[PDB]
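K.L.:
Everything below, folded, please.
(3 chains)
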Amino acid sequence: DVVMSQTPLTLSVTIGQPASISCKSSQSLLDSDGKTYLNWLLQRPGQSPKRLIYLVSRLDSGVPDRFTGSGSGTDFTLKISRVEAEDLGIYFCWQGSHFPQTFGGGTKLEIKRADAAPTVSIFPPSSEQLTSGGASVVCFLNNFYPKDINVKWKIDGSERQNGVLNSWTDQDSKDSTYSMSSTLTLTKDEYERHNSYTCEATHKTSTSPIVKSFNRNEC
Amino acid sequence: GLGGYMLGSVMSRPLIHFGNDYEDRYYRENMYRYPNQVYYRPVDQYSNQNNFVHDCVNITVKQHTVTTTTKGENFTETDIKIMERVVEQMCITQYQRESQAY
Amino acid sequence: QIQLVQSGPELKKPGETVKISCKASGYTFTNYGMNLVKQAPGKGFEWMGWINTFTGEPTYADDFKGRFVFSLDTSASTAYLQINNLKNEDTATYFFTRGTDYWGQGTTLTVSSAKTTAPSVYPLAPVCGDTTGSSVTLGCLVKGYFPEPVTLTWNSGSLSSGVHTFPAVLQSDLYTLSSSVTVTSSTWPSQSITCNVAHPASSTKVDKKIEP
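P.N.:
Numbers count the residues shown, from 1 in each chain, chains lettered A, B, ... in the order given. Structure data below:
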């Protein structure tokens, strides 16, 4: 079983610069019919993969000369001479030369952009959910960049980890930012035992955490 | 599908001519992506050559595009035009062979 | 207009069967070969085999030559993937592809004796920054459902700008998902913003208006 080793796992490049992705197979990809079936695909956020290159270096119609595929035998390279906002997404190789066909692990390509502080919003439990003995406090940290970020919850001033669930989005195609959602779930009993609930973000764009909170007394 | 269809032996690709220097260069540069053997039914099951050839071309081209695109390929309208022209010559030659071995 | 449209989400018990379909259009179906790909949760792509659309003959990768059947309906330009004697290991999203260039949207399959659980949908109204930037962010909390997937949209899809729908997370044996949409302070509560959700596995489809 030919193994496709794709590297690196992630790439972060500035628009206009070159990007290089490598894919090495454990065995020669030269098929019996004299051809080398190495394909390069791009899977944008929320989209189904789309092929950009077939037969190692042939471009599919519409694909700019910026992209070039090269190599032979076992060492292949997808190359983008000048990167741009539309290129962000996941790239991966797919060999169809041997049975069974195999896919590379993938290379997430990130396009750098100007720094953005997360826009933070906190939401108390909905009335509809309190009527059932459940209380969820949702906090959104939207459109930020770089991606490294840290959210912390505080109940009446004390850090809280139990009942916290987080979820992150991939880099956005439009503005190239990242978003995050943190949800603190507790029982209505406990929710009513405390007053102030806080959501704190830690991001490069600020020295002090970016805080957002409310008081159960709606005060 | 391919029932009753034999696979003929490999043969040298027909050197077809396109005086336009570009297509000639495109044919030479891409023939490795085209068939070098054909699919046909016993010659006795056809009245003439035109029938054998027309059937051989359609089956050979189709089998070729489905099996190669499975591995990763792209056949343009040029590729298709050149292929039919090339495979037709090979089928006529496959006809002669079958007719020679009675 | 080359497109591959697969059948919807599936929830099945261990030992049951499933027949997933893909209706192609936009090109000569029988001129291209079809590949089948599996993607386990969080895992990468795995090739299952292919189907000769001209011949109808299917070819299975070693791990799939036991309980998998690939078939066609040439006239309808439709491919089928059947999985017999379902096992938990079969839980994943499957794709049909035209050769190597085009992919279907995929169809998620979950296998567990666990019983379907509809999702609860709670609106999320402000309580902080009112008009400190004339921007307002609202949300929609979809919690406690099973199994994946679920579909969510704001106002029947009419509203899709400045909208973030996050990946779902396993509470314990239930999935929770949230979404937020930002709009201008004027626009709301002026105009009505509603959240639309649907949970296939349990024929659930709810709507929640967001109010102050």
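K.L.:
how does chain A divide into domains?
P.N.:
Taking curated CATH domains as the criterion, chain A consists of the domains A:1-113, A:114-219.
K.L.:
possible to save those as a markdown table with distance to chain C and mean neighbour count?
P.N.:
All C-beta atoms are positioned from the backbone trio N, CA, C, and that covers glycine. Compiled in a markdown table, the domains of chain A are given as follows (distance: least, C-beta to the nearest C-beta, whole Å; neighbours: other C-beta atoms under 10 Å in any protein chain shown):
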| stretch | distance to chain C | mean neighbour count |
| --- | --- | --- |
| domain A:1-113 | 4 | 18 |
| domain A:114-219 | 4 | 17 |
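K.L.:
can those go into a markdown table with extra columns for distance to chain B?
P.N.:
Shown next, in a markdown table, are the domains of chain A (distance: least, C-beta to the nearest C-beta, whole Å):
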| stretch | distance to chain B |
| --- | --- |
| domain A:1-113 | 3 |
| domain A:114-219 | 26 |
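K.L.:
Can you say which of those domains is nearest to residue C:30?
P.N.:
Smallest distance to residue C:30 across the domains of chain A (C-beta to C-beta): 19.2 Å, for domain A:1-113.
K.L.:
so how far is the closest one off the chain centroid?
P.N.:
18 Å (C-alpha atoms, centre = their mean, to the nearest Å).
K.L.:
same deal with stretch A:155-165?
P.N.:
Stretch A:155-165 has its C-alpha centroid displaced from the chain centroid by 26 Å (C-alpha atoms, centre = their mean).
K.L.:
can you list the residues that contact that stretch?
P.N.:
For stretch A:155-165, contacts defined as C-beta atoms under 8 Å, 6 or more residues apart in numbering or on different chains pick out A:152-154, A:182-186, A:194-198, C:169, C:171, C:176.
K.L.:
Could you rerun that using 10 Å?
P.N.:
A:135-137, A:139, A:151-154, A:181-187, A:190-191, A:193-198, A:200, A:213, A:215-216, C:143, C:168-171, C:176, C:178 (C-beta atoms under 10 Å, 6 or more residues apart in numbering or on different chains).
K.L.:
quick revisit: export the domains of chain A to CSV and tack on distance to residue B:8?
P.N.:
Output for those, formatted as CSV (distance: least, C-beta to C-beta, whole Å):
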stretch, distance to residue B:8
domain A:1-113, 16
domain A:114-219, 50
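K.L.:
out of those domains, which comes closest to residue C:64?
P.N.:
domain A:1-113 (8.8 Å).
K.L.:
how much space is there between the residue most central in space within chain C and residue C:14?
P.N.:
Centroid-nearest residue in chain C: residue C:149, 5.3 Å away (criterion: C-alpha atoms, centre = their mean). Residue C:149 sits 20 Å away from residue C:14, going by C-beta to C-beta, to the nearest Å.
K.L.:
Residue C:32 now?
P.N.:
According to C-beta to C-beta, residue C:32 stands 35 Å off from residue C:14.
K.L.:
Compare these two and say which is more crowded by neighbours.
P.N.:
residue C:32 (26 against 12; other C-beta atoms under 10 Å in any protein chain shown).
K.L.:
Do I have it right that the more buried one meets residue B:70?
P.N.:
Yes: using C-beta atoms under 10 Å, residue C:32 is in contact with residue B:70, at 7.9 Å.
K.L.:
got a list of what the residue of chain C positioned farthest from its centre touches?
P.N.:
When distances to the mean C-alpha position of chain C are computed (C-alpha atoms, centre = their mean), the maximum falls on residue C:132, with 37.3 Å. Contact partners of residue C:132, counting by C-beta under 10 Å, 6+ apart, are residue C:185.
K.L.:
how close does it get to residue A:141?
P.N.:
Separation of residue C:132 from residue A:141 (C-beta to C-beta): 16 Å.
K.L.:
mind checking how far the residue in chain B that chain A sits nearest to is from residue C:70?
P.N.:
Nearest residue of chain B to chain A, counting by C-beta to the nearest C-beta: residue B:71, 3.3 Å away. To residue C:70, residue B:71 is 17 Å away according to C-beta to C-beta.
K.L.:
one step back: so which of the domains of chain A is nearest residue B:21?
P.N.:
domain A:1-113 (21.6 Å).
K.L.:
Would you mind listing the residues in contact with the residue nearest to the centre of chain C?
P.N.:
Residue C:149 touches C:8-9, C:93, C:106-108, C:110, C:168, C:175, C:177, C:198-201, counting by C-beta under 10 Å, 6+ apart.
K.L.:
Can you select the buried ones from the residues you listed in ChimeraX?
P.N.:
Buried members of the contacts of residue C:149, defined by 16 or more other C-beta atoms under 10 Å in any protein chain shown, are picked up in ChimeraX with:
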select /C:9,93,106,107,108,110,168,175,177,198,199,200,201
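K.L.:
among the contacts of residue C:149, which are within reach of chain A?
P.N.:
Contacts with chain A within the contacts of residue C:149, as defined by C-beta under 10 Å from any C-beta of the partner chain: C:106, C:168, C:177.
K.L.:
I'd like the list of these that fall within strands, please.
P.N.:
Those of the ones next to chain A among the contacts of residue C:149 mapping onto strands are residue C:177, per DSSP state E.
K.L.:
Just give me the neighbour total for residue B:22.
P.N.:
Counted with other C-beta under 10 Å, the neighbours of residue B:22 add up to 10.
K.L.:
ok, now the one 4 residues further on?
P.N.:
Applying other C-beta under 10 Å, we find 15 other residues in the vicinity of residue B:26.
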